[PDB]
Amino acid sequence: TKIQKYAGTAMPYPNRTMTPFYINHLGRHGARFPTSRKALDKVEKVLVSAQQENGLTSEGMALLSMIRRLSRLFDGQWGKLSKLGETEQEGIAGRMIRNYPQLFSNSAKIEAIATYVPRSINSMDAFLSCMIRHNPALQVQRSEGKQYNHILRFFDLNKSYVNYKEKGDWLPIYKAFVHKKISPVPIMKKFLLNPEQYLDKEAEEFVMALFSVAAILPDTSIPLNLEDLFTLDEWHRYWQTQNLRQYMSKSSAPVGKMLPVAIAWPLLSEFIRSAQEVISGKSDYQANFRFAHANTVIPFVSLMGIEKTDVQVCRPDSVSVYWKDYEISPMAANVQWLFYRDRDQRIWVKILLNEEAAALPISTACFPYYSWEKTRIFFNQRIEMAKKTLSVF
């Protein structure tokens, strides 16, 4: 549904209901609780002040009661993987096993890594537990922690990127876009008597915080829904603003000068190396799994050059036409490279983005399968471009 897409990177993993010799994987953690109480506290603070001064409507009184309930239910759960998130990983693992049982048979060896963040470790474990229940004779190497920061949390390690993310030139563009797209008064009219008395700044922060609470609720497995606080057109506009925020701060927006994308090259390098070692026999893993974050997936996909995902759109109002974050990095977003060897020992690779075949701007006579030689050369050119970009910052 359009409403689910307008949750953007908070969208739940979508519904997804001859044999490769290797699978190379990167997956975001599954659906999670909100990481921060900031938006909830802001909504609550506004409605409480209104209640003190007799300023709430009937529905604002009901919203306040509901916000108070969510505050209690979110307490001690911030950033945790939800039941839905566990179920999402079990589905991804389960389909992979169902689709390629030969690959995971007969004491096959798999390795999984995760970041130090608990929701990513727990996503790894839900995935691996499914793997093991299906074939307990798998050999399994499991590790996680800050030792993987350079390939899984590179967005925390590059000084120029951190500065850009915190105070770079994309910020004024985003804020002007929000002011253009989001009209706070009609939304607040639903909840507050005399909403025109609120300054535009506080009105905007209230509404954006409320959208944030509503957008994450379907990821929590809590049986409550707030999608009807906003019309479909209001969700559409909210999504356009958050989509633009993700694009400019994490992807290939001209304002970022490809800095957000270039920082991902160590992960693309490690992907190529693990595949080359398996192909050569230096490694005999049947799969490498990696569990991380939207901030890992988004630039990695752009650096691979998956078609659409690395477009450089110069007009901010055109971004949503050409680049759609809910297609790139929903909850549990994942990239899988599937390697095949044909009868003449040639190596083919299929790229799956959220379990659907993805296109690269190189030729192939057998789409969705690409020549690995051609693909690796292409990816190496992308890494070299990334290194050149970083040499200027």
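For every residue, the number given is its place in the sequence shown, counted from 1.
Gap between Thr17 and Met18: 4 to 9 deposited residues without coordinates.
Mean CA B-factor, 99 to 107 versus 151 to 159: the higher value falls on 99 to 107.
When 160 to 168 is weighed against 141 to 149, 160 to 168 comes out higher, by mean CA B-factor as recorded in the entry. Per the deposited record, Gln197 carries the highest C-alpha B-factor of all listed residues (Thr115, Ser123, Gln197, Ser252). Of the candidates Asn288, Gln77, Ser318, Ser212, it is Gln77 whose Cα B-factor is highest according to the PDB record.
When the modelled residues of the chain are ordered by C-alpha B-factor, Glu356 sits in the middle third. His293: CA B factor lies in the lowest third for its chain, per the PDB record. Placement of the Cα temperature factor of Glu204 within the chain: highest third of the modelled residues, per the deposited record. When all modelled residues of the chain are sorted by CA temperature factor, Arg119 is found within the lowest third. In this PDB entry, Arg237 carries a Cα temperature factor that places it within the middle third of its chain's modelled residues.
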